[PDB]
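Residue numbers (full-length UniProt numbering), protein chains in the order written: chain C, 123 to 269; chain H, 123 to 269; chain Z, 123 to 269; chain P, 141 to 214; chain V, 141 to 214; chain G, 141 to 214. C-beta atoms are modelled at their ideal positions from N, C-alpha and C, and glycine is treated no differently. Everything below concerns the one structure shown next.
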Amino acid sequence: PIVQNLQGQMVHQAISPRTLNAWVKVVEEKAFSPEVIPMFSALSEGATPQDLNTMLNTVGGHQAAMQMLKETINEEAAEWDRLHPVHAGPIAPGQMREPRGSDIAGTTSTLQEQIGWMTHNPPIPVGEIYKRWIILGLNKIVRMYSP
Amino acid sequence: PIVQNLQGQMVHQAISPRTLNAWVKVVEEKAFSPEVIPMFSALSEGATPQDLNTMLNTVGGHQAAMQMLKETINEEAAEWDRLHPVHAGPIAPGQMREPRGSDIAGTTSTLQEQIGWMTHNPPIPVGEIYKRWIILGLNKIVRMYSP
Amino acid sequence: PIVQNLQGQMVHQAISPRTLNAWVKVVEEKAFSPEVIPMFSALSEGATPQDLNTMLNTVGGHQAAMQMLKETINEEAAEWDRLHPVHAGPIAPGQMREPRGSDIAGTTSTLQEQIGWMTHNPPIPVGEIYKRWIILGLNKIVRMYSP
Amino acid sequence: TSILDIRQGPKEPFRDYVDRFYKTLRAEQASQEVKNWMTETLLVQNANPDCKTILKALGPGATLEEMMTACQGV
Amino acid sequence: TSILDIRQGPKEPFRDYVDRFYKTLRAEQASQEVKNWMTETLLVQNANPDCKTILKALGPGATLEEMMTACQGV
Amino acid sequence: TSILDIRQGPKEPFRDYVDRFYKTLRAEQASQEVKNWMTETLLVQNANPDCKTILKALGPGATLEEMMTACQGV
């Protein structure tokens, strides 16, 4: 995640193993139950896309759901690209590039790039955009997996 | 929560997983027992509204009680709005807006807004107002759930 | 509790959840056994009255004993007020007020007031006065609950 | 399971049923106004005849502690 | 369960009953004066005849260690 | 239970009895001199005849490891 250091700057720090394991354990115990979404939300505080793929990729089991989510993440990403067209002409030397759906999904962007966008002024909340897609896709799952 | 940093300022820091889990475990073990209220009170030290919805939303089970509480929180919030009318004319550029019942419940306010109110001088104790509503609603529950 | 900070001053810091839970667990496991008193004493190191009511209020079970203790705390408090009369004339602007039995029990005093008395020069040990009442009342219990 | 499929047994305490209702209501994602409509409507409708009778006597304007204490002996 | 419903069994030790009383008293939120009234009154009243007899002999002014040691053989 | 009520069984090892004694002695709050008096006196007095006999042969001046090893076969 990207956290604030004592000095008063935003720097990246790694997520903790008993945080990781707590994510694992939630999924083990409460599967598709709604409490998973606030839980997720708390444990995703200050998290990167990269950390969010890590969390999704580290799941075991419920592979039908994991595939449905993936496909929702790509749909929501396809929709990001649709709604926000690429911008006019070449990229400025003085500036950094606008993200695509796949940069938001973490796929085409690097960590330093993910830190550029979030730490820069104005900052862009690429975590929160992926977060809604995850929560939206979580609703899809919850609604389906209701019996 | 909003905690004091070493430098001598009040900054927000996230709540800990084994704190979260301790909240979960209390509820699992002692359900509606009175010891839950001091326990809550200790674990809610320096907590935000946002953190208080997180704690309430992360409950599983006892959904009749959870609904009774919600409805108490909204009643107490409706009462906040009644007792404290909105103030005269437009909001000053030099100042920040007065809270409503829903800002106290965390719903209409953002975190940075919740930090503005609490950290600012004079500070306003929107945690402690929600806390009484929670404790009041806890009395309602305890009294009902006595057999 | 009120602890010494790195800077070299006495500041308040909150008590820890696995400290809280360790207090709970002791009571669960060893009930009225004598080892409870040194145990208490260690876990009450640097503790406030406020923290001591928190610890007593968070008990579940053994309510006959909890009531006997309460009533001992009030008796010992009544005795504090008896032995130490209020002082001559109005309270000085330059000074802070002398405690009563109920300030020692934490009831009529606020935290900042509890920090004033303990951190000020000379300091007054209102924790240690309540501590003896707790230990005395613990003897009463232990002696009764012997079979 | 769908919210329409939530119903009170002939021997089931209302209380255990109301818990089931706000759990399933907890998995419905609809507008609040619709969920208010579901609350006043579906809950009573799928309640058992003995309690249903009881709840009809509370009239409208009733709140959950009063409903929950009203159908306790049933 | 209500505080009026707390009563001592015919074979139940007083001690186990007094524990039940201050647990239920622990869930009552009334003024201290009322709770004092409940203490001196209801406790003895719902105590069993054999101990009740015993407690009548302690007279008034009695404290919990003396009541608790008084009804021990009963 | 009172300290006078602590006694050694006819088949109970002394050891298990001495443990019981300093546990109950641990709940006595008396002056050290009185507790010394209790140690030399009551312990032997409520000890069983077979070990009691043994302990009489150790004479006075004896310490706990020697008493504890003395009544081991009993």
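Indicate the three-state DSSP secondary structure (helix, strand or coil) for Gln131 of chain C in the structure shown.
coil
What's the C-alpha gap between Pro153 of chain P and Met266 of chain C?
Using only the alpha carbons, I get a separation of about 29 Å.
Per-residue contacts from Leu165 of chain H into chain Z (C-beta, under 9 Å):
Those within 9 Å of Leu165 of chain H in chain Z are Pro139 and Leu142.
How long is the line joining the alpha carbons of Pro244 of chain C and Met218 of chain C, rounded to whole angstroms?
12 Å
Please tell me whether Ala210 of chain V and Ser268 of chain H are closer than 8 Å, where the distance is taken between their beta carbons.
no
Rounded to the nearest angstrom, what separates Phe154 of chain Z and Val264 of chain Z at their Cα positions?
C-alpha separation (whole angstroms): 6 Å.
In chain Z, which residues lie less than 7 Å from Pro160 of chain H when you measure between Cβ atoms?
Correct list: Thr176, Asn179 and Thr180.
One or two residues paired with residue 115 of chain H in a DSSP bridge
The structure shown has nothing for residue 115 of chain H, since chain H only spans 123 to 269.
Taking contact to mean 3 or more Cβ pairs, one atom from each stretch, closer than 8 Å, check whether the stretch 195-208 of chain Z and the stretch 184-196 of chain H are in contact.
Because the criterion of three Cβ pairs below 8 Å is not met, the stretch 195-208 of chain Z and the stretch 184-196 of chain H do not touch.
Within 10 angstroms of the Cβ of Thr241 of chain H, are there 16 or more other Cβ atoms? Answer buried if so, exposed if not.
Looking at its Cβ environment, which holds fewer than 16 other Cβ atoms inside 10 Å, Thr241 of chain H is exposed.
Which of the three DSSP states, helix, strand or coil, is assigned to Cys191 of chain V?
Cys191 of chain V: helix per DSSP, three-state reduction.
Contact set between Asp159 of chain V and chain Z, taken where Cβ atoms lie within less than 9 Å
Result: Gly183, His184, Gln185, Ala186 and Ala187.
Kindly indicate the opening and closing residues of the alpha helix (DSSP H) around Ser224 of chain Z.
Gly223 to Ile226
Would you mind reading off the limits of the alpha helix (DSSP H) that contains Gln148 of chain V?
No alpha helix (DSSP H) holds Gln148 of chain V; DSSP gives it neither H nor E.
Supposed contact pair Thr180 of chain Z and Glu157 of chain H - C-beta distance, whole angstroms, cut 8 Å:
5 Å
By how many angstroms is the C-alpha of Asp145 of chain G removed from the C-alpha of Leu165 of chain H?
47 Å
With distances taken from CA atoms, which of H:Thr230, H:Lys262 and H:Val133 is nearest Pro171 of chain H?
H:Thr230
Going by C-alpha to C-alpha distance, which of G:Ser142, G:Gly199, G:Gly201 and G:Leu195 sits closest to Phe161 of chain G?
G:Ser142
Under 8 Å between the Cβ atoms of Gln135 of chain C and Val125 of chain C?
yes
Whole runs of the alpha helix (DSSP H) within the stretch 230-263 of chain Z, excluding any shorter than 4 residues
As summarised for the stretch 230-263 of chain Z, the continuous alpha helix (DSSP H) elements at least 4 residues long and confined to that stretch are 233-241, given in chain order.
Measure the alpha-carbon distance for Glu180 of chain G versus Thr164 of chain G and round it to whole angstroms.
15 Å
Buried versus exposed call for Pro221 of chain H [16 or more other C-beta atoms within 10 Å across all chains shown]
buried
Quick check on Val148 of chain Z - is its C-beta less than 8 Å from some C-beta in chain G?
no
In whole angstroms, give me the CA-to-CA distance for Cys191 of chain G and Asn196 of chain Z.
50 Å
For chain V, is any of its Cβ atoms less than 8 Å away from the one on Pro156 of chain H?
Interface criterion met: the Cβ of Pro156 of chain H is under 8 Å from a Cβ in chain V.
Can you give me the C-alpha to C-alpha distance between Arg254 of chain C and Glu151 of chain Z, rounded to a whole angstrom?
The alpha-carbon atoms of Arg254 of chain C and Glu151 of chain Z are separated by roughly 46 Å.
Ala136 of chain Z versus chain H: which residues are under 7 Å apart at the beta carbon?
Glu167
Since I believe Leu195 of chain P is in contact with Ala187 of chain P (beta carbons under 8 Å), could you give me their beta-carbon distance rounded to a whole number of angstroms?
6 Å
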